[PDB]
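Colleague: Mind looking over this structure? Questions follow.
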Amino acid sequence: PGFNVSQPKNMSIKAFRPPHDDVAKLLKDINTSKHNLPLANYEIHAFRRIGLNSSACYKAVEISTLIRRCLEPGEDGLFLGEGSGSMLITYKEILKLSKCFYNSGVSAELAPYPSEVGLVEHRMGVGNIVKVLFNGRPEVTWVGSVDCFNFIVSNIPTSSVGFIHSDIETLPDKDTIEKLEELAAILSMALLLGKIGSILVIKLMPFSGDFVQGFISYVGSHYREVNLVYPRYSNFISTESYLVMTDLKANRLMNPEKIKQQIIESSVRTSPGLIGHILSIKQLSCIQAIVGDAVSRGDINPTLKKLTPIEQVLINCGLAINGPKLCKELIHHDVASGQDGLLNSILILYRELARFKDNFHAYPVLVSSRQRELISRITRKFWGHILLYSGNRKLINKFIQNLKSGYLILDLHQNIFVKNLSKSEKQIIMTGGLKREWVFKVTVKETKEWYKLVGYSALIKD
Amino acid sequence: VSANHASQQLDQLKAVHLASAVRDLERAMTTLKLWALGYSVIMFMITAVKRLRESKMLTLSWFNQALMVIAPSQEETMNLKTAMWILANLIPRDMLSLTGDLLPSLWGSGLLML
Amino acid sequence: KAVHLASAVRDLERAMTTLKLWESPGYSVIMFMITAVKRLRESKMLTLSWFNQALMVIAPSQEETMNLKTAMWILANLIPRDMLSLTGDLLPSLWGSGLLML
């Protein structure tokens, strides 16, 4: 079904406001539009370089630019499905919340504490507990069920919290009724446990044929001001947005099932025009579209060379640069980084390949199965030496064009670092029937890691 | 067990039974079919069933797109409208909420004469 | 080609049965079609006398006559015209019939 000019209206901000739509004007614009009439860019991971497990904190700061005037220091807050709690750290710093609750989802220690919050309280100083956390039993959490709603209602003190946030990941094969039950549970918790000045933020990823638009038109009644926010640091190919609801008018107790029946009787099942409108705004106002594409013609943007001011807002009392430890996981490079990593260490693998030939045994099979493995290591490390320290002319562009195709190419010839090898060892490598070309396919996750490594090589070239 | 949990599990079970019915119907209609490219009353049919096999729902906008692509041939548009009426008759009225928006609208319409 | 027909009758019977178990709504729409497919399973031939007899049995309920006529029209339209006489005598004559309006 998938086969455009429509524009929207301490720690100093408002230089980072995201595009937001008022809900009713957007709904009338989609309903009046006739529309009809009959990729996979991952460069957005180049700009995210703070946050080790998760780098979503950028989004959080932009959302805070619409929250901070509408809330006082609230000393409250409930967070659902944080996933290592990086956004919790960012929102707790920027909104001065005293206490924080954390739900997530538990797969059967049995008390899963967030890793990034633990690293933040370790690096900041002496931090005790910070977040309250829940039981950790499998029936506990699993938002969208009876036990979750009963356990969360039984704990939060009877309409006390002021900032409610949901960041549940939606799978592509998730059923729409299950997602509607989850959103109805979040809404029932928001009405029962939320006060008058409560602000609710829900991460929504609409699809064609989903029940998202009926839920949005339903939730526009209880909250006086409902807006839909497209963060600038999100991936523009994905249709993710944040629904922000402010100034709840009343607190009532109703079951999620009655809410679900009302949304089904509403019979609104989204439009292709809404998906196209979200995609158009996120393409026009992405962070790539405002300061330029990072790959260019084999050159890094000057904006990524020095730390951007959003990263300077983040780095004060929040997270750390994820460029280190990424080299350790990817190219096995030390943190000290005085070219002791790579260089001679790369040569060490060649020294192994110097004596690997050794010229009723396991010679024909296993030797090949080892040889490729060694070459694979060299391949990754060689691209590291092009990205991290060497010059960018005629090689970074080739690396990006090969990565977009999906392959990493290493050529075993005169090349680079073979001149440092011994003449006998160079003769041993060249003599055999090795192809002088070796490709290795990369996955999507490794491509994201390589784009982050480009983003950190930008800081190293500074 | 509360009524809400039982209702959720009942909806999941109805979805599983509907998926099994769609798979068996697709196999039957493919077996019937295999023994210009203007499609007819069954060549239309399986396409909608194929959308039900790949877990994407029947929608009014899809019907408008399908009318616009088949627009020069009026007999073929009649064939596709009759085929969606066949699917309205085959699927029980409880599960038309699961299929989408086309079939609850087409359940009301009926033939004037045999 | 009888092996191709017979196998599809098995698959249609499985599909209509699994639809029938989950329905919040006399042999009405689909239920009458299950009866006709079960008669095809028993190697019974669709004859004019059987349809006339079924009209005589269900004569007081007019809505159920409309339901059985629509279900026989479903079975007429879904089956190809080459195998259509191998189904029986009813289905080419019902292929001749058509709707006036949607």
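Scheme for the structure tokens: letters A, B, ... for chains in order shown; per-chain residue numbers from 1; ligand numbers from 1 in order shown.
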I need the chain B residues near chain A as a ChimeraX atom specification; criterion: at most 12 Å, counting only C-alpha atoms.

Modeller: /B:1-12,14-16,51,54-69,97-102,104-105

Colleague: Check every residue of chain C for an atom within 6 Å of chain B, counting only C-alpha atoms, and provide those that qualify as number ranges by chain.

Modeller: C: 8, 11-12, 15, 18, 23-24, 97-102

Colleague: Write out, as a PDB file, in the first residue's frame, the residues just selected, with N, CA and C atoms.

Modeller:
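Just written: out00.pdb:
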```pdb
ATOM      1  N   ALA C   8     -10.297 -29.941  -3.153  1.00  0.00           N
ATOM      2  CA  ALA C   8     -10.778 -28.606  -2.812  1.00  0.00           C
ATOM      3  C   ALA C   8     -12.066 -28.654  -1.999  1.00  0.00           C
ATOM      4  N   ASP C  11     -10.929 -29.091   1.498  1.00  0.00           N
ATOM      5  CA  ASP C  11     -10.357 -27.871   2.057  1.00  0.00           C
ATOM      6  C   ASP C  11     -11.426 -26.812   2.310  1.00  0.00           C
ATOM      7  N   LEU C  12     -12.451 -26.746   1.453  1.00  0.00           N
ATOM      8  CA  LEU C  12     -13.568 -25.840   1.711  1.00  0.00           C
ATOM      9  C   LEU C  12     -14.366 -26.273   2.932  1.00  0.00           C
ATOM     10  N   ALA C  15     -12.465 -25.213   5.970  1.00  0.00           N
ATOM     11  CA  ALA C  15     -12.513 -23.765   6.157  1.00  0.00           C
ATOM     12  C   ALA C  15     -13.869 -23.308   6.680  1.00  0.00           C
ATOM     13  N   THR C  18     -14.362 -24.291  10.464  1.00  0.00           N
ATOM     14  CA  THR C  18     -13.629 -23.448  11.404  1.00  0.00           C
ATOM     15  C   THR C  18     -14.199 -22.036  11.473  1.00  0.00           C
ATOM     16  N   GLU C  23     -19.108 -17.820  15.673  1.00  0.00           N
ATOM     17  CA  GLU C  23     -20.131 -16.983  15.052  1.00  0.00           C
ATOM     18  C   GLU C  23     -21.144 -16.601  16.115  1.00  0.00           C
ATOM     19  N   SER C  24     -21.243 -15.308  16.405  1.00  0.00           N
ATOM     20  CA  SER C  24     -22.245 -14.821  17.345  1.00  0.00           C
ATOM     21  C   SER C  24     -23.652 -14.874  16.744  1.00  0.00           C
ATOM     22  N   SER C  97     -27.963 -17.350 -13.633  1.00  0.00           N
ATOM     23  CA  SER C  97     -28.599 -16.307 -12.842  1.00  0.00           C
ATOM     24  C   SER C  97     -27.577 -15.271 -12.382  1.00  0.00           C
ATOM     25  N   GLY C  98     -28.066 -14.059 -12.105  1.00  0.00           N
ATOM     26  CA  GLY C  98     -27.211 -12.977 -11.656  1.00  0.00           C
ATOM     27  C   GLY C  98     -27.989 -11.956 -10.854  1.00  0.00           C
ATOM     28  N   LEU C  99     -27.246 -11.064 -10.202  1.00  0.00           N
ATOM     29  CA  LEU C  99     -27.843 -10.026  -9.371  1.00  0.00           C
ATOM     30  C   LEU C  99     -28.224  -8.815 -10.214  1.00  0.00           C
ATOM     31  N   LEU C 100     -29.334  -8.176  -9.842  1.00  0.00           N
ATOM     32  CA  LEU C 100     -29.733  -6.932 -10.492  1.00  0.00           C
ATOM     33  C   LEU C 100     -28.984  -5.734  -9.919  1.00  0.00           C
ATOM     34  N   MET C 101     -28.779  -5.707  -8.602  1.00  0.00           N
ATOM     35  CA  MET C 101     -28.172  -4.566  -7.937  1.00  0.00           C
ATOM     36  C   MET C 101     -27.388  -5.084  -6.738  1.00  0.00           C
ATOM     37  N   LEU C 102     -26.346  -4.346  -6.359  1.00  0.00           N
ATOM     38  CA  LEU C 102     -25.487  -4.706  -5.229  1.00  0.00           C
ATOM     39  C   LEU C 102     -26.241  -4.668  -3.902  1.00  0.00           C
TER      40      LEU C 102
END
```

Colleague: Run DSSP on the backbone and grab whatever in chain C lands in helix (DSSP H, G or I); send it over as a short mmCIF file (atom, residue, chain, number, x, y, z; two decimals) with N, CA and C atoms, in the first residue's frame.

Modeller:
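New file selection_12.cif:
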```
data_model
loop_
_atom_site.label_atom_id
_atom_site.label_comp_id
_atom_site.auth_asym_id
_atom_site.auth_seq_id
_atom_site.Cartn_x
_atom_site.Cartn_y
_atom_site.Cartn_z
N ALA C 2 -10.85 -34.95 -11.37
CA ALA C 2 -11.71 -35.25 -10.24
C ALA C 2 -10.92 -35.23 -8.93
N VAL C 3 -9.64 -35.60 -8.99
CA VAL C 3 -8.77 -35.50 -7.82
C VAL C 3 -8.57 -34.03 -7.41
N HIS C 4 -8.54 -33.12 -8.39
CA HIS C 4 -8.40 -31.70 -8.07
C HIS C 4 -9.68 -31.13 -7.47
N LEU C 5 -10.85 -31.60 -7.92
CA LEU C 5 -12.13 -31.14 -7.39
C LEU C 5 -12.33 -31.60 -5.96
N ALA C 6 -12.26 -32.92 -5.75
CA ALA C 6 -12.42 -33.58 -4.46
C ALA C 6 -11.55 -33.01 -3.34
N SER C 7 -10.29 -32.70 -3.65
CA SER C 7 -9.38 -32.15 -2.64
C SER C 7 -9.80 -30.75 -2.21
N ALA C 8 -10.30 -29.94 -3.15
CA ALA C 8 -10.78 -28.61 -2.81
C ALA C 8 -12.07 -28.65 -2.00
N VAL C 9 -12.89 -29.69 -2.20
CA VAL C 9 -14.09 -29.88 -1.40
C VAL C 9 -13.72 -30.17 0.05
N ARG C 10 -12.66 -30.96 0.26
CA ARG C 10 -12.13 -31.21 1.60
C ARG C 10 -11.64 -29.92 2.26
N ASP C 11 -10.93 -29.09 1.50
CA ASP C 11 -10.36 -27.87 2.06
C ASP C 11 -11.43 -26.81 2.31
N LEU C 12 -12.45 -26.75 1.45
CA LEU C 12 -13.57 -25.84 1.71
C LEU C 12 -14.37 -26.27 2.93
N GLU C 13 -14.53 -27.59 3.13
CA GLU C 13 -15.27 -28.09 4.28
C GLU C 13 -14.53 -27.79 5.58
N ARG C 14 -13.20 -27.90 5.56
CA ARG C 14 -12.40 -27.54 6.73
C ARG C 14 -12.48 -26.04 7.02
N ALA C 15 -12.47 -25.21 5.97
CA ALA C 15 -12.51 -23.77 6.16
C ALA C 15 -13.87 -23.31 6.68
N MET C 16 -14.96 -23.85 6.12
CA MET C 16 -16.29 -23.43 6.55
C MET C 16 -16.62 -23.93 7.95
N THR C 17 -16.08 -25.08 8.35
CA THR C 17 -16.29 -25.59 9.70
C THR C 17 -15.61 -24.70 10.73
N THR C 18 -14.36 -24.29 10.46
CA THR C 18 -13.63 -23.45 11.40
C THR C 18 -14.20 -22.04 11.47
N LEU C 19 -14.84 -21.57 10.40
CA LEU C 19 -15.57 -20.31 10.47
C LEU C 19 -16.83 -20.46 11.32
N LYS C 20 -17.48 -21.62 11.24
CA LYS C 20 -18.79 -21.82 11.86
C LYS C 20 -18.70 -21.90 13.38
N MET C 31 -24.15 -22.23 6.87
CA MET C 31 -24.57 -23.51 7.43
C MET C 31 -25.20 -24.40 6.35
N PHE C 32 -26.04 -23.80 5.49
CA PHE C 32 -26.55 -24.51 4.31
C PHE C 32 -25.43 -24.85 3.33
N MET C 33 -24.41 -24.00 3.25
CA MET C 33 -23.28 -24.28 2.37
C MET C 33 -22.46 -25.46 2.89
N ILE C 34 -22.33 -25.58 4.22
CA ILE C 34 -21.70 -26.76 4.83
C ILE C 34 -22.51 -28.01 4.51
N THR C 35 -23.84 -27.90 4.55
CA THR C 35 -24.69 -29.03 4.16
C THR C 35 -24.47 -29.44 2.70
N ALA C 36 -24.35 -28.46 1.80
CA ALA C 36 -24.13 -28.76 0.39
C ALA C 36 -22.74 -29.35 0.14
N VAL C 37 -21.72 -28.83 0.83
CA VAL C 37 -20.37 -29.38 0.69
C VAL C 37 -20.29 -30.78 1.28
N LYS C 38 -21.02 -31.04 2.37
CA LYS C 38 -21.10 -32.40 2.92
C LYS C 38 -21.81 -33.35 1.96
N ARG C 39 -22.81 -32.86 1.23
CA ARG C 39 -23.41 -33.68 0.18
C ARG C 39 -22.44 -33.94 -0.96
N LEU C 40 -21.57 -32.97 -1.27
CA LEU C 40 -20.51 -33.21 -2.24
C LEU C 40 -19.48 -34.21 -1.72
N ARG C 41 -19.27 -34.24 -0.40
CA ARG C 41 -18.36 -35.21 0.21
C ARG C 41 -18.89 -36.63 0.11
N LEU C 48 -31.82 -30.89 -9.75
CA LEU C 48 -32.93 -29.94 -9.69
C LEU C 48 -33.99 -30.39 -8.69
N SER C 49 -34.21 -31.70 -8.59
CA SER C 49 -35.21 -32.24 -7.68
C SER C 49 -34.83 -31.99 -6.22
N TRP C 50 -33.54 -32.06 -5.90
CA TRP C 50 -33.09 -31.80 -4.53
C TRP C 50 -33.31 -30.35 -4.14
N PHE C 51 -33.03 -29.41 -5.06
CA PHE C 51 -33.23 -28.00 -4.76
C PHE C 51 -34.71 -27.65 -4.67
N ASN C 52 -35.54 -28.24 -5.54
CA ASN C 52 -36.98 -28.04 -5.43
C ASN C 52 -37.54 -28.62 -4.14
N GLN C 53 -37.04 -29.80 -3.73
CA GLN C 53 -37.46 -30.41 -2.47
C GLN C 53 -37.04 -29.56 -1.28
N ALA C 54 -35.83 -29.00 -1.32
CA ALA C 54 -35.37 -28.10 -0.27
C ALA C 54 -36.17 -26.80 -0.25
N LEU C 55 -36.65 -26.35 -1.40
CA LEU C 55 -37.57 -25.22 -1.42
C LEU C 55 -38.91 -25.57 -0.78
N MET C 56 -39.39 -26.80 -1.00
CA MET C 56 -40.65 -27.21 -0.37
C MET C 56 -40.52 -27.38 1.14
N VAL C 57 -39.37 -27.83 1.64
CA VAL C 57 -39.21 -28.01 3.08
C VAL C 57 -39.13 -26.66 3.79
N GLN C 62 -39.35 -17.25 4.49
CA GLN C 62 -38.90 -16.63 3.24
C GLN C 62 -37.44 -16.18 3.32
N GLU C 63 -37.02 -15.68 4.49
CA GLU C 63 -35.65 -15.24 4.67
C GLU C 63 -34.67 -16.40 4.53
N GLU C 64 -35.06 -17.58 5.00
CA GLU C 64 -34.21 -18.75 4.86
C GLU C 64 -34.17 -19.25 3.42
N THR C 65 -35.25 -19.03 2.65
CA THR C 65 -35.18 -19.29 1.21
C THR C 65 -34.20 -18.36 0.53
N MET C 66 -34.19 -17.08 0.92
CA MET C 66 -33.18 -16.15 0.40
C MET C 66 -31.77 -16.58 0.79
N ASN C 67 -31.60 -17.07 2.03
CA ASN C 67 -30.30 -17.55 2.48
C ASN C 67 -29.81 -18.75 1.68
N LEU C 68 -30.70 -19.71 1.41
CA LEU C 68 -30.27 -20.89 0.66
C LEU C 68 -30.01 -20.56 -0.81
N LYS C 69 -30.80 -19.64 -1.39
CA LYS C 69 -30.52 -19.20 -2.76
C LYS C 69 -29.19 -18.46 -2.86
N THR C 70 -28.89 -17.60 -1.87
CA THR C 70 -27.59 -16.92 -1.88
C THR C 70 -26.44 -17.90 -1.69
N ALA C 71 -26.60 -18.91 -0.82
CA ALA C 71 -25.53 -19.88 -0.60
C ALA C 71 -25.29 -20.74 -1.84
N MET C 72 -26.36 -21.13 -2.53
CA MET C 72 -26.18 -21.83 -3.80
C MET C 72 -25.57 -20.93 -4.86
N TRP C 73 -25.82 -19.62 -4.79
CA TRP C 73 -25.14 -18.71 -5.71
C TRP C 73 -23.66 -18.55 -5.37
N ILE C 74 -23.30 -18.62 -4.08
CA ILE C 74 -21.90 -18.66 -3.66
C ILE C 74 -21.20 -19.86 -4.30
N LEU C 75 -21.83 -21.03 -4.16
CA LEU C 75 -21.24 -22.26 -4.71
C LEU C 75 -21.25 -22.26 -6.24
N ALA C 76 -22.17 -21.53 -6.86
CA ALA C 76 -22.15 -21.39 -8.31
C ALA C 76 -21.00 -20.51 -8.78
N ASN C 77 -20.78 -19.37 -8.10
CA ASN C 77 -19.74 -18.44 -8.55
C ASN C 77 -18.33 -18.90 -8.21
N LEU C 78 -18.13 -19.63 -7.11
CA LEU C 78 -16.77 -19.99 -6.72
C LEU C 78 -16.17 -21.11 -7.56
N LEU C 84 -18.02 -27.45 -13.59
CA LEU C 84 -19.28 -26.98 -13.03
C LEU C 84 -20.40 -27.99 -13.25
N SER C 85 -20.38 -28.68 -14.39
CA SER C 85 -21.33 -29.77 -14.63
C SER C 85 -20.94 -31.02 -13.86
N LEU C 86 -19.66 -31.19 -13.54
CA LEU C 86 -19.24 -32.30 -12.69
C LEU C 86 -19.71 -32.11 -11.26
N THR C 87 -19.91 -30.86 -10.83
CA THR C 87 -20.59 -30.63 -9.56
C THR C 87 -22.04 -31.11 -9.60
N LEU C 90 -27.45 -28.14 -10.90
CA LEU C 90 -27.91 -26.87 -10.34
C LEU C 90 -26.99 -25.72 -10.71
N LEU C 91 -25.70 -25.95 -10.65
CA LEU C 91 -24.71 -24.89 -10.69
C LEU C 91 -24.51 -24.20 -12.05
N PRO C 92 -24.59 -24.86 -13.22
CA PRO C 92 -24.66 -24.06 -14.46
C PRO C 92 -25.90 -23.19 -14.58
N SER C 93 -27.06 -23.68 -14.12
CA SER C 93 -28.28 -22.88 -14.17
C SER C 93 -28.21 -21.70 -13.21
N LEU C 94 -27.56 -21.89 -12.06
CA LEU C 94 -27.34 -20.79 -11.14
C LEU C 94 -26.21 -19.87 -11.59
N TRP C 95 -25.28 -20.37 -12.42
CA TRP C 95 -24.32 -19.50 -13.10
C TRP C 95 -25.02 -18.62 -14.12
N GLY C 96 -26.09 -19.12 -14.73
CA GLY C 96 -26.90 -18.29 -15.61
C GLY C 96 -27.58 -17.14 -14.89
#
```

Colleague: Give me, as a count of residues only, all polymer residues having an atom no more than 10 Å from residue A:448, counting only C-alpha atoms and skipping those fewer than 6 positions away in the same chain.

Modeller: 6

Colleague: What's around stretch 120-124 of chain A at 10 Å? Count only C-alpha atoms, leave out sequence neighbours fewer than 6 positions away in its own chain, and write the answer as a ChimeraX atom specification.

Modeller: /A:86,89,130,316-320

Colleague: Could you tell me how far atom CA of residue A:353 sits from atom CA of residue A:398, in Å to one decimal place?

Modeller: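 If I compute the distance from atom CA of residue A:398 to atom CA of residue A:353, I get 26.4 Å.
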
Colleague: A:350, A:131, A:24, A:403: which is nearest residue A:228, counting only C-alpha atoms?

Modeller: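 Closest candidate: A:24.
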
Colleague: Show which residues sit within 10 Å of residue A:49, as a PDB file with N, CA and C atoms, in the first residue's frame. Count only C-alpha atoms, and ignore same-chain residues fewer than 2 positions away.

Modeller:
```pdb
ATOM      1  N   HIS A  45      21.954   6.970  13.018  1.00  0.00           N
ATOM      2  CA  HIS A  45      22.792   6.499  14.109  1.00  0.00           C
ATOM      3  C   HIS A  45      24.150   7.183  14.141  1.00  0.00           C
ATOM      4  N   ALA A  46      24.509   7.924  13.091  1.00  0.00           N
ATOM      5  CA  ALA A  46      25.749   8.690  13.120  1.00  0.00           C
ATOM      6  C   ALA A  46      25.647   9.866  14.082  1.00  0.00           C
ATOM      7  N   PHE A  47      24.454  10.446  14.212  1.00  0.00           N
ATOM      8  CA  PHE A  47      24.280  11.632  15.042  1.00  0.00           C
ATOM      9  C   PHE A  47      24.121  11.284  16.515  1.00  0.00           C
ATOM     10  N   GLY A  51      25.054   7.715  25.069  1.00  0.00           N
ATOM     11  CA  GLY A  51      24.150   6.666  25.490  1.00  0.00           C
ATOM     12  C   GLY A  51      24.653   5.309  25.052  1.00  0.00           C
ATOM     13  N   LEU A  52      25.020   4.465  26.017  1.00  0.00           N
ATOM     14  CA  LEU A  52      25.711   3.222  25.695  1.00  0.00           C
ATOM     15  C   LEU A  52      24.728   2.137  25.260  1.00  0.00           C
ATOM     16  N   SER A  54      21.266   2.648  25.105  1.00  0.00           N
ATOM     17  CA  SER A  54      20.264   3.324  24.295  1.00  0.00           C
ATOM     18  C   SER A  54      20.628   4.793  24.158  1.00  0.00           C
ATOM     19  N   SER A  55      20.352   5.348  22.983  1.00  0.00           N
ATOM     20  CA  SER A  55      20.674   6.733  22.664  1.00  0.00           C
ATOM     21  C   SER A  55      19.418   7.530  22.329  1.00  0.00           C
ATOM     22  N   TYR A  58      18.254  12.194  23.336  1.00  0.00           N
ATOM     23  CA  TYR A  58      18.080  13.346  22.452  1.00  0.00           C
ATOM     24  C   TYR A  58      16.608  13.687  22.294  1.00  0.00           C
ATOM     25  N   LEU A 307      31.460  18.917  19.529  1.00  0.00           N
ATOM     26  CA  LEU A 307      30.225  18.482  20.175  1.00  0.00           C
ATOM     27  C   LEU A 307      29.108  19.500  19.975  1.00  0.00           C
ATOM     28  N   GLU A 311      24.279  17.840  22.742  1.00  0.00           N
ATOM     29  CA  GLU A 311      25.162  16.906  23.424  1.00  0.00           C
ATOM     30  C   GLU A 311      25.801  17.540  24.651  1.00  0.00           C
ATOM     31  N   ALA A 320      27.147   9.322  28.999  1.00  0.00           N
ATOM     32  CA  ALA A 320      28.544   9.469  28.588  1.00  0.00           C
ATOM     33  C   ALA A 320      28.637   9.164  27.101  1.00  0.00           C
ATOM     34  N   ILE A 321      29.794   9.486  26.522  1.00  0.00           N
ATOM     35  CA  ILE A 321      30.029   9.238  25.104  1.00  0.00           C
ATOM     36  C   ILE A 321      30.191   7.742  24.869  1.00  0.00           C
ATOM     37  N   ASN A 322      29.421   7.205  23.925  1.00  0.00           N
ATOM     38  CA  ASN A 322      29.430   5.778  23.635  1.00  0.00           C
ATOM     39  C   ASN A 322      30.422   5.385  22.549  1.00  0.00           C
ATOM     40  N   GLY A 323      31.240   6.325  22.079  1.00  0.00           N
ATOM     41  CA  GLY A 323      32.316   6.036  21.159  1.00  0.00           C
ATOM     42  C   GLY A 323      33.344   5.064  21.710  1.00  0.00           C
ATOM     43  N   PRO A 324      33.865   5.324  22.910  1.00  0.00           N
ATOM     44  CA  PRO A 324      34.540   4.254  23.649  1.00  0.00           C
ATOM     45  C   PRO A 324      33.565   3.158  24.048  1.00  0.00           C
ATOM     46  N   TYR A 451      28.055   3.128  11.641  1.00  0.00           N
ATOM     47  CA  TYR A 451      27.658   4.533  11.544  1.00  0.00           C
ATOM     48  C   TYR A 451      27.973   5.294  12.831  1.00  0.00           C
ATOM     49  N   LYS A 452      27.792   4.645  13.989  1.00  0.00           N
ATOM     50  CA  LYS A 452      28.223   5.257  15.247  1.00  0.00           C
ATOM     51  C   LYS A 452      29.738   5.436  15.299  1.00  0.00           C
ATOM     52  N   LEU A 453      30.487   4.502  14.704  1.00  0.00           N
ATOM     53  CA  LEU A 453      31.940   4.640  14.654  1.00  0.00           C
ATOM     54  C   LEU A 453      32.370   5.788  13.748  1.00  0.00           C
ATOM     55  N   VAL A 454      31.621   6.050  12.672  1.00  0.00           N
ATOM     56  CA  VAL A 454      31.843   7.266  11.881  1.00  0.00           C
ATOM     57  C   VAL A 454      31.576   8.509  12.727  1.00  0.00           C
ATOM     58  N   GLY A 455      30.490   8.479  13.510  1.00  0.00           N
ATOM     59  CA  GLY A 455      30.161   9.603  14.375  1.00  0.00           C
ATOM     60  C   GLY A 455      31.195   9.881  15.453  1.00  0.00           C
ATOM     61  N   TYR A 456      31.912   8.849  15.898  1.00  0.00           N
ATOM     62  CA  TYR A 456      32.985   9.042  16.873  1.00  0.00           C
ATOM     63  C   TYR A 456      34.331   9.359  16.220  1.00  0.00           C
ATOM     64  N   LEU A 459      34.676  13.040  16.037  1.00  0.00           N
ATOM     65  CA  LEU A 459      35.278  13.685  17.202  1.00  0.00           C
ATOM     66  C   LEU A 459      36.775  13.431  17.287  1.00  0.00           C
TER      67      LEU A 459
END
```

Colleague: Expressed in Å to a single decimal, how great is the separation between atom CA of residue B:103 and atom CA of residue A:29?

Modeller: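 Between these atoms lies a distance of 26.4 Å.
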
Colleague: For a quick check of understanding, using only C-alpha atoms, which of A:95, A:80, A:279, A:140 has the smallest distance to residue A:61?

Modeller: A:95
